[PDB]
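What the coordinates show
Now for the letters of each chain:
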Amino acid sequence: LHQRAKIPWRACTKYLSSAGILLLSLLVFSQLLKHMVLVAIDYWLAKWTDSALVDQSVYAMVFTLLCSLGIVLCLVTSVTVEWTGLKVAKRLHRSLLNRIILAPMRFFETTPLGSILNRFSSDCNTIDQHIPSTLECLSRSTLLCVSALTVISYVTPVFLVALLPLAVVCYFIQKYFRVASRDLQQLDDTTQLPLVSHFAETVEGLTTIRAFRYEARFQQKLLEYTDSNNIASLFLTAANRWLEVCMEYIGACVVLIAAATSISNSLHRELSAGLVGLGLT
Amino acid sequence: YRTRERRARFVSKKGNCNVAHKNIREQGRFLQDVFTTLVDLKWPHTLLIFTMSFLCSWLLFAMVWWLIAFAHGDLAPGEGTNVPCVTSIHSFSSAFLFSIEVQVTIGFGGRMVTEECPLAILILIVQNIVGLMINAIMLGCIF
Amino acid sequence: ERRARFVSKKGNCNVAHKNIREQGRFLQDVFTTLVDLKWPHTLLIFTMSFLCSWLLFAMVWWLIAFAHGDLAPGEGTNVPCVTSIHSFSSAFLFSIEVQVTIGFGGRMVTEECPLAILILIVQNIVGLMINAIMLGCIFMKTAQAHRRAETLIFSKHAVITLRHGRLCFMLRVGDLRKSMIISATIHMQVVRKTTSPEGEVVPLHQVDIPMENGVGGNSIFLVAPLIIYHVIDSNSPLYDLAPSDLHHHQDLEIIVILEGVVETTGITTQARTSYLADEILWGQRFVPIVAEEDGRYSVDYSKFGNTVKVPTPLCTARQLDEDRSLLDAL
Amino acid sequence: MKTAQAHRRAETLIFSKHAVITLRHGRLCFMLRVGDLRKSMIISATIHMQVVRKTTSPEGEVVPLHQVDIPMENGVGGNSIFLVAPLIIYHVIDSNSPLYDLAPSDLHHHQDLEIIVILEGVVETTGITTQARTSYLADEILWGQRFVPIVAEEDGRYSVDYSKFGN
Amino acid sequence: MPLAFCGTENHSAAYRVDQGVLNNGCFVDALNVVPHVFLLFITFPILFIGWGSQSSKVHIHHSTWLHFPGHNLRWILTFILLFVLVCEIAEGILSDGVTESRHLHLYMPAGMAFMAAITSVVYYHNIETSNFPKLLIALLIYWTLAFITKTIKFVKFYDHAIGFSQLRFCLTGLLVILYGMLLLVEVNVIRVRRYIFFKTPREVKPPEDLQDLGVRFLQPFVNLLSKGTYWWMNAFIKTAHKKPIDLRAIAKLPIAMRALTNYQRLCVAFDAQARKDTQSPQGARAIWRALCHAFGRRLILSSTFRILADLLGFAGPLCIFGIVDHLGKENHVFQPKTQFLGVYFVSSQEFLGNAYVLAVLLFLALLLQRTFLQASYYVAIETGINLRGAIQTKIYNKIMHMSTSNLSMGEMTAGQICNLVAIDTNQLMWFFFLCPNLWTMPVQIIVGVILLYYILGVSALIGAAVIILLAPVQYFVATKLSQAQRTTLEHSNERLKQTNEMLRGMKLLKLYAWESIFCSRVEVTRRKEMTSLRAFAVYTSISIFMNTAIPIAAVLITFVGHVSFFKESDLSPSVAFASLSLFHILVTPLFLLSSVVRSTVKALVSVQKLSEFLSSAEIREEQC
Ligand SMILES: Nc1ncnc2c1ncn2[C@@H]1O[C@H](COP(=O)(O)OP(=O)(O)OP(=O)(O)O)[C@@H](O)[C@H]1O
Ligand SMILES: Nc1ncnc2c1ncn2[C@@H]1O[C@H](COP(=O)(O)OP(=O)(O)OP(=O)(O)O)[C@@H](O)[C@H]1O
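As stated in the entry header, the method of structure determination is cryo-EM and the reported resolution is 5.7 Å.

The next thing to look at is the pairing of strand β3 (residues 27-31) of chain D. Residues and elements named next belong to chain D. As defined by bridge partners, strand β2 (residues 19-24) adjoins β3 across five bridges and the pair is classed as antiparallel. Bridging across to β3, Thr22 finds its partner in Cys29. Hairpin connection from β2 to β3: two residues lie between these consecutive antiparallel strands, with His25 at a positive phi of about 45 degrees. In this structure, β3 lies alongside strand β9 (residues 91-92), joined through two bridges in antiparallel fashion. By the bridge assignment for β9, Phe30 is matched with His91.

In this section: the sheet that holds strand β10 (residues 114-119) of chain D. All names here are of chain D. Spatially, four strands are ordered β7-β6-β10-β12 in an open sheet, and the strand pairing comes out antiparallel. The strands lining the two open edges of the sheet, one partner per strand, are β7 (62-70) and β12 (132-137). Sheet twist, expressed as the mean angle between neighbouring strand axes with direction ignored, is 25 degrees. As paired strands, β10 and β12 are joined by six bridges and run antiparallel to one another.

All names here are of chain C. Here the UniProt-annotated "transmembrane region" positions come out as residues 38-60 and 114-138. Helix makes up 96% of residues 38-60 and strand 0%, whereas the separation of the span's terminal C-alpha atoms amounts to 33 Å. Helix makes up 100% of residues 114-138 and strand 0%, whereas the separation of the span's terminal C-alpha atoms amounts to 36 Å.

This part takes up the UniProt feature "binding site: K(+) 1" in chain C. According to UniProt, the positions carrying the feature "binding site: K(+) 1" are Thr101 of chain C. One can find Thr101 of chain C in the loop between α4 (88-100) and α5 (114-142).

Of the residues lining the interface, 16 residues belong to chain B; the matching set on chain C comes to 17 residues. With three residues, strand β3 (residues 19-22) of chain B is the single largest residue contributor to the side of chain B that touches chain C. Looking at the side of chain B that touches chain C residue by residue, the classes come out as six nonpolar, six polar and four charged. Relative to strand β16 (residues 297-300) of chain C, β3 of chain B runs parallel, the two being bridged by four bridges.

Pairing is mixed across the open sheet formed by three strands, whose spatial order is β3(B)-β16(C)-β15(C). A strand with exactly one partner marks an edge of an open sheet, and here the two such strands are β3 of chain B together with β15 (290-292) of chain C. Adjacent strand axes in the sheet meet at a mean angle of 30 degrees when their direction is disregarded.

Residue and element names in this part refer to chain E. Taking 1.5 Å of rise per residue, the 52 residues of helix α19 (residues 515-566) would be expected to cover 76 Å, and the 72 Å separating its terminal C-alpha atoms lies within 8% of that figure. Along its length, α19 reaches its greatest deviation from straightness, about 30 degrees, at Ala549, and the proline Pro551 lies no more than four positions downstream. Among the residues trailing α19, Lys567 stands out with phi positive, at a value near 55 degrees.

With that settled, the discussion passes to the interface of chain E and chain A. With 33 residues of chain E at the interface, the matching set in chain A holds 29 residues. If you list the elements that add at least two residues to the side of chain E that touches chain A, you get α13 (315-327), α15 (355-400), α19 and α20 (573-590) of chain E. Grouping the constituent residues of the side of chain E that touches chain A by class yields 25 nonpolar, five polar and three charged.

The rules behind each value
- Residues numbered from 1 in each chain as written, not as in the entry; some residues may be left out.
- Chains lettered and ligands numbered in written order.
- Part of a larger assembly, values for the part shown.
- Heavy atoms only, no water.
- Residues with missing side-chain atoms left out of burial classes, pairs and counts.
- Pairing = 2+ DSSP bridges.
- Helix = DSSP H or I, 4+ residues; strand = E, 2+ residues; numbered from the N terminus.
- Axes fitted to C-alpha atoms, helices over the stretch in contact; angles between N-to-C directions.
- UniProt positions renumbered as here; feature names shortened; annotations may be inferred.
- Contact = heavy atoms within 4.5 Å.
- Nonpolar A, V, L, I, M, F, W, Y, C, P; charged D, E, K, R; others polar.
- Expected span 1.5 Å × (residues − 1).
- Bend = angle between axes of the 7 residues up to and from the residue.

What follows is the structure, given as structure tokens:
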């Protein structure tokens, strides 16, 4: 139960109490607005190519506006996420500094004194330097999937009949992976901390180890320390490879299903091969 | 929590020895005792093997009867100038039904075995011997 | 030269029966012999029994139609004895149909000839009898359990070592399958060309060996590999096995015979192995094999026959009684 | 059930024509040879020996055929025997044996004595338990004769010369 | 109008068997169905006994295996065979659409083969896990029987002069080779296992590393399909849901990936290097040549998969171009039309003109590309982990043999040698991850550029140049990103080391009421820290913009430029939407090749730094 934690409660604490509402909304507003244009530019290209294949007109200025809207929105979304990520990072650190200073000494004596340090160096680093980057790519990843799935569904409405059976399998792959990926990544980090310390202590006391003629054992410890580090990383790589193969046969099954229905709907409902291309690319 | 997880049992309260073997270097002796294995299987599995062992036998010789009558040339939908190798074989459906009749010994007699096909007489011998041998082996497993 | 084995490592007694004053007892037990045959060999007897039976009555049906005048070319005025018999090939096909009971019916048995009615009676009685014979033999072949003994496993070489002071000829026997051998039993025998004070010479004397069971019996419960040891007391024939004479050309052999009814079929089986003189390692123990899992045990059959070195006296068990007695007296 | 009959398998279990009484390990025993002719085994064979002789209790009981069992002098006490080669089945005449007062003088024909020997055991082929039964009247117990050795090692294996089975 | 196996057309005259049965174009098709129904009915009872028993089989709980000689050559042929059988199905269903009858003999013989081929590898695998080669006779008969019947069909095509111009002649000819090669694989099993006829079988035992109960990363030894799809991980992933993953679950790593095993190979690579070549120093080139010897044979395999996955990646744009172009034609009444008997054999160009054919071939190509590509990552990664494993040992083995001189140990403190394992080794380890990229990303871009020129023309190259022209600026952005990152990295440590003193003497800092004074030092240091982080946040914000706005800019310039400057075509969905996929395919290597170069630049420093440290002062007189 402790390991099973999707952690949607931690996201709310970050955004509501540290980011704001003006900056948070413009982050969400820009993301939906940016990918709405990204669909439109592809969609408008299909209509342009399909109709211009000899009312109607030359699409020599409208396509520029959609691209110009898309290019500018990329700058807006990129700046807003990073600017907001800066605001959360800086003001959260001030809150933590104003708390530990205004805190009783009983907690400091009781605490391992590394719990405060870790939540000050390791945790503040990930919040400051990674969330502003991971959040931007996380939203763009899930919005591109939403953007892609919506266009495929619109081109071929018969696809979403099979999407629900396919999405459920996607959920279970996206379910069991996180349970293992967290555990492997925790096993990835906690196994390399003893390795670097072991190197440091051998350099600290090199004279003593050779004196006892204990270097035979310490090398065997290194092989035990290194092998545990590698086997934790090998499983992490396999887990990523297990996800990536499975989440690409699902994507391949989509391509065949989308292509099959789109071609048939281009022969009977007369899709006119325009939306078929968008259904494939 | 591993301190108070469970205490391994030697045999459960209802037999069912709670011991799991490892590194079994099997050399096929798992399946070499086929007739012991077939009995060990649960009844619903036995029904599937009972069904498959007979459906496959009927259908293996269905392809034989269909092909023999194909090669003989009495499959052609025309006047019966020749004497058919096995009468009334018109389609593979008739070839399948005739395979049921021979092996299960129903013998309706609409699809007879003619004397004018020395190859078909051999298969009628083979199907009966395989049909008798499958039955006796399957009866023994059931008993 | 070579040293013979009384029974090989997989049973298969290497004894040659010679000068058998055979009274035909080999063939009197046809039903027992038929089961002892290999499966490919059984099919030949299975096939040739039916194929001859159809062909024996193929000649009868053809002769009956020949004598009755049925196979005379032309649509004769007479009613055919058996309809549509116009060749021995037709007679062969009709022979198959009656005995197998296919009964297509293009070749009926008419009511005209009474001889064919008798032959139709004879062929059915023969068909039911032969089929009943073949069913029984195949049922006992399907109930064979000699291949179950192939899954009963013994360690490659046994050991003699220390256990609770005394000296015991330890061993290991394992069961690979998951089914049980109900009411297991272990008999160990020492085979040596033993002479007697009276002057007799026994070429291969089999002396039974106690199994050192808790209740002084033979019953064992085989679920995980066990150690079948024999405490070498004053009466044990191995009381004078020194480690020096454990070499190859030593007239010594331990037969181990494991018996018990297979739970699946109910057929009793035997598993037999023999440990020669060179297949006994003094002063070695068997590695711990049964580990514990989260909620079950675990048998590492990779370590089934692995033996480690263990300190022990290199003196005979007879000298262990004398050494203990002198120490106790002192 | 007629096919699984083992009455013809008991015929291939062989007993010598006459048993003998000789000395063994400083004692007096009643020896016998039992042989199996077929290559298959009889699983879990067990052999019982009984003395059938009209024995009267001192209180006045008259038992026309009193069957008193006899120990097999096995190394473990139990009666189980592993029969592949012909085996000398010998009963040691202890202070308890009913044969404790037998001499060559009273071993003639019209002697009220009989030794029954019963060999049980299941067939390793059909799984059917069988029985081989023989009797040895007094005259058929040759006092003071030993059985010849029958097993001689061949080039690589053993060999039982069945031609000298009852010699 | 019932279902007729042969042609029901011409008053059902296709069953006539004059002039030999083998000359009946349908009967030879019938002869090719028996070898498959024979196996489909021989193994189904055999497999179902196992599957029913597998429901209650416990020996397979931790059982071992032994892949038969030719396990890899069996699966690679089977997948090739499965692919070609799909092509025959596609042709068979393609030809019969013109006739009034079904003509089931065109594809059902192949449709039965595809089922038989799948079982032939399920049946083979069940005989591989249970080391019982004797059952391979049924498999051996199938390959002998299928090869003979198919060859008779192939030669009979040549008698009627079918010719290679017909696709069915090509696929039938191909099937003879695949069936023949699969036949030789089964015979080669008998040669090495020696189980049918030879008196003394040369049995093979499972490998010792597999026999361990403490080995649970069974990737190195599984069937070739599970080496690609990582199927064996399924049980471990499910176990993670109930039992949390600790060092108990992650068991001892296999022999091939053990640090001691890798260290032996690295020393042998060094020892052979100093034996074949008599070179006094151990420089950067000495190490670089050492690693290639010890890990090239796996690095090449990773490159081979990546090169093939890169080429198969462009099958998407070609299928998109092919599918839509066929749909850009109003005339669908026209159909493949050429005859030899009346079966209407279809040709090559007509086969790849049908829209449904290309979608299926796209589906098959996607499975290969996305499986080769993933297998390319694992081979590259596993080699990288082993390179780290064999270099940490070599560095640690150098720690034992180094002297403690004040000129030596007074210079390289423990921090200097700690960063060597953490920073210097990881950037070298991460280089072996991305090594396949620099050999192939130029290929994928060049192949992308070569065929993007053909798709749209010149305007695609003009637009794609913007991607290429703005990439060097992106290298400048990434470099300027890291420079601002070290400023924060150095400043965070200074503030974190400053507060470490604050949090260490807190009692004296709280009983003396110094908390207010000391906190202001942290805030002031943070402000000097936060300006640096703001610069880093700027460059990572600009990095995203160039990452995502350039592809839109590439398309915007390409399509408007095509209409305005070129106007050479109408930009049909066949051409326009084929190019959109190419831009998506090319952007990922184009805008990530900067990182591959940067890692290679960093890796050159790491090996240079590692080689400088590895030849420092040693504890002499040890050998004497
Ligand atoms: N894991 C196992 N699975 C099945 N049988 C086993 C296993 N381990 C041992 N045996 C059986 O035990 C006997 C030999 O065991 P032991 O380990 O002492 O010798 P070994 O050198 O492994 O034998 P061999 O070379 O004959 O296989 C043989 O009958 C062998 O089949
Ligand atoms: N070599 C043998 N082969 C088969 N059966 C044998 C053999 N030797 C003995 N028997 C069986 O054992 C019985 C007793 O054998 P024994 O040698 O003691 O007497 P015998 O005088 O040879 O036998 P008989 O004259 O009754 O045949 C024989 O009657 C016979 O049934």
